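Colleague: Handing you this structure, nothing more for now.
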Amino acid sequence: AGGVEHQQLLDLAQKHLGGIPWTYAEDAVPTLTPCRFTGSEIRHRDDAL
Amino acid sequence: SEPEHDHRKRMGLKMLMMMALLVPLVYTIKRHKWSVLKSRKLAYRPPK
């Protein structure tokens with residue numbers, strides 16, 4: 001953002017970021033989950049503070 | 001000598017059933033309130 005013109009940034013991006021692999025190596029896929037929320041608590045001390 | 005015998009046996013029957021119902025519940029409530037202390041861990045972490 002700022003003084004950048006979009007098409008310059010894109011045409012420039014093609015010459016450098018285009019070398020990044022796109023098809024997954026080993027076809028790896030991350031496995032996200034709707035993770036749980038515990039009701040626990042932690043209570044560290046050090047009374048001199 | 002004991003006119004109230006029958007009514008006493010009746011209430012006795014009612015109370016046993018009543019207490020038989022109440023004890024597991026209240027004890028379970030105690031287990032519930034105390035479970036956080038029964039299960040809690042604690043550790044010791046000196047700075048060095």
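Chain identifiers are assigned as A, B, and so on, following the order in which chains appear in the structure tokens; residues are numbered from 1 within each chain, and ligands are numbered from 1 in order of appearance.
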If you take only C-alpha atoms and a cut-off of 12 Å, which residues of chain B touch chain A, and what are their nearest atom pairs and distances in Å to one decimal, in chain and number order, as JSON lines?
Modeller:
```
{"residue": "B:36", "atom": "CA", "partner": "A:40", "partner_atom": "CA", "distance": 9.1}
{"residue": "B:37", "atom": "CA", "partner": "A:40", "partner_atom": "CA", "distance": 11.9}
{"residue": "B:39", "atom": "CA", "partner": "A:40", "partner_atom": "CA", "distance": 11.0}
{"residue": "B:40", "atom": "CA", "partner": "A:40", "partner_atom": "CA", "distance": 9.6}
{"residue": "B:41", "atom": "CA", "partner": "A:42", "partner_atom": "CA", "distance": 9.6}
{"residue": "B:42", "atom": "CA", "partner": "A:43", "partner_atom": "CA", "distance": 9.1}
{"residue": "B:43", "atom": "CA", "partner": "A:44", "partner_atom": "CA", "distance": 9.5}
{"residue": "B:44", "atom": "CA", "partner": "A:44", "partner_atom": "CA", "distance": 9.7}
{"residue": "B:45", "atom": "CA", "partner": "A:44", "partner_atom": "CA", "distance": 9.5}
{"residue": "B:46", "atom": "CA", "partner": "A:46", "partner_atom": "CA", "distance": 10.0}
{"residue": "B:47", "atom": "CA", "partner": "A:46", "partner_atom": "CA", "distance": 10.3}
```
Colleague: Filtering to N, CA and C atoms, could you give me those residues as a PDB file, in the first residue's frame?
Modeller:
```pdb
ATOM      1  N   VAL B  36     -12.873 -30.385  41.570  1.00  0.00           N
ATOM      2  CA  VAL B  36     -11.800 -29.487  41.163  1.00  0.00           C
ATOM      3  C   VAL B  36     -10.600 -29.566  42.112  1.00  0.00           C
ATOM      4  N   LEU B  37     -10.852 -29.858  43.386  1.00  0.00           N
ATOM      5  CA  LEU B  37      -9.764 -30.056  44.338  1.00  0.00           C
ATOM      6  C   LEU B  37      -9.221 -31.476  44.269  1.00  0.00           C
ATOM      7  N   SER B  39      -9.023 -33.339  41.697  1.00  0.00           N
ATOM      8  CA  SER B  39      -8.298 -33.581  40.459  1.00  0.00           C
ATOM      9  C   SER B  39      -7.097 -32.667  40.241  1.00  0.00           C
ATOM     10  N   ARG B  40      -6.986 -31.602  41.026  1.00  0.00           N
ATOM     11  CA  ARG B  40      -5.996 -30.571  40.725  1.00  0.00           C
ATOM     12  C   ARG B  40      -4.556 -31.048  40.898  1.00  0.00           C
ATOM     13  N   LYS B  41      -3.715 -30.673  39.938  1.00  0.00           N
ATOM     14  CA  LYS B  41      -2.280 -30.918  40.000  1.00  0.00           C
ATOM     15  C   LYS B  41      -1.543 -29.732  40.590  1.00  0.00           C
ATOM     16  N   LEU B  42      -0.324 -29.968  41.058  1.00  0.00           N
ATOM     17  CA  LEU B  42       0.558 -28.876  41.447  1.00  0.00           C
ATOM     18  C   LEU B  42       2.014 -29.306  41.309  1.00  0.00           C
ATOM     19  N   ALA B  43       2.869 -28.359  40.939  1.00  0.00           N
ATOM     20  CA  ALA B  43       4.262 -28.653  40.638  1.00  0.00           C
ATOM     21  C   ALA B  43       5.173 -27.626  41.286  1.00  0.00           C
ATOM     22  N   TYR B  44       6.471 -27.901  41.287  1.00  0.00           N
ATOM     23  CA  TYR B  44       7.419 -27.011  41.938  1.00  0.00           C
ATOM     24  C   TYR B  44       8.543 -26.649  40.975  1.00  0.00           C
ATOM     25  N   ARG B  45       8.725 -25.350  40.752  1.00  0.00           N
ATOM     26  CA  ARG B  45       9.601 -24.869  39.692  1.00  0.00           C
ATOM     27  C   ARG B  45      10.605 -23.827  40.168  1.00  0.00           C
ATOM     28  N   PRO B  46      11.673 -24.269  40.844  1.00  0.00           N
ATOM     29  CA  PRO B  46      12.714 -23.326  41.258  1.00  0.00           C
ATOM     30  C   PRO B  46      13.376 -22.681  40.045  1.00  0.00           C
ATOM     31  N   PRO B  47      13.748 -21.398  40.155  1.00  0.00           N
ATOM     32  CA  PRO B  47      14.258 -20.615  39.028  1.00  0.00           C
ATOM     33  C   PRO B  47      15.512 -21.212  38.392  1.00  0.00           C
TER      34      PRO B  47
END
```
Colleague: Based on DSSP run over this structure's backbone, return all residues of chain A in alpha helix (DSSP H), as a PyMOL selection string.
Modeller: chain A and resi 6-13
